[PDB]
């Protein structure tokens, strides 16, 4: 992967405001800000890479900024952070992973519980929410994920 990052960063705050103000929410999130564990992935770049991760996300997973950026979030699904696309995970529910995948392909809001692993190998249940986000052009370009341990 050779993910590129938007020079000048991302309008995280503008996207959080966009999400809280969306007209027909399929999932209720309640108020949110940059304090939770969250990430933004680029839907238009190869294998939907992470182009931003809040500090709470790094704190929750144990990985640093350098270790997460430019990677598809699926690496958390393995205690060794090694998960090849299309692979049959041995520690994660296949239907769960397929649900996330179809929701993303369709720009449809989804919410699931997925088994994840921290950098030190510690297993936990991630209560994950993904919401598609429109950029300045008005079309879906990114996806915002909200991660919660338990």
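Residue numbers count along the first chain shown, from 1.
Higher mean CA temperature factor, per the PDB entry, when comparing 64-72 with 78-86: 78-86.
Note on 14-22 vs 134-142: mean CA B-factor is higher in 134-142. Highest CA B-factor among 27, 108, 41, 114, as stated in the entry: 27.
Sorting the modelled residues of the chain by their CA temperature factor places residue 49 in the lowest third.
When all modelled residues of the chain are sorted by CA temperature factor, residue 100 is found within the middle third. Ranked by C-alpha B-factor against the other modelled residues of its chain, residue 36 falls in the highest third.
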